[PDB]
Every structure is written in C-alpha cells, then in structure tokens.
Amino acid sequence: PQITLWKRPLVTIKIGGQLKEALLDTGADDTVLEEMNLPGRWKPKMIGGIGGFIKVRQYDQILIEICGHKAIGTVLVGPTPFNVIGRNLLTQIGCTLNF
C-alpha cells in the first residue's frame, strides 16, 4: 500500500504469535520493540537513540509479519518509547520512500 504521513505510520504487526502496534520508522536502522517475552536465545546489546543509549536483548532470525508481509531478521527488545520497525525489516517487505 501507499501510506501518507499526516498521522503516524502505525501498523499492526504479528510476532511470536501476538499482535502489536508498531511505527514504520525510516530513521531507525534497527527494529526495537517494547518489553515482551520472545522465544529463543538472546544476547545483551546496546542501541543509541536521540536521548542516549539503552540496554536491549537482541533476538536474531525472528519472524515478524507487517501488514501481511513477512520478514525474518533481528529484533531488539528493550525500553523504547514505541515499537519501531526499522530499515532491517522495512527492506525485507520492500518498503521505499517516494515523493
């Protein structure tokens, strides 16, 4: 679909069999989700945002479904203000910016 930006580009995602709301975020390299239980092993990592750096749990090769489109990649879990879908997954679903 084509998504205009008059309001936040919020979409429903499916991860770990649960539905959630997330923000399509072209300014994010990586995908960062709010605290949640995800299966599989994870490694401690750090990620930096506008306000500094936070501790996150890095899950690799996670299946996420974004508006029906499937992606399999890295998901960082930690104290983010919002579920953000970053470019690592936006590329998988074939997302581009157009003006």
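Position 1 is the first residue in the sequence shown; the rest follow in order.
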*asked:* Please compare 45-53 with 60-68 and say which has the higher mean C-alpha temperature factor in the record.
replied: 60-68
*In the PDB record, does 23-31 or 69-77 carry the higher mean Cα temperature factor?*
69-77
_B-factor third for the C-alpha atom of residue 90 within its chain_ = lowest
*Among the modelled residues of its chain, does the C-alpha B-factor of residue 84 lie in the lowest, middle or highest third?*
lowest
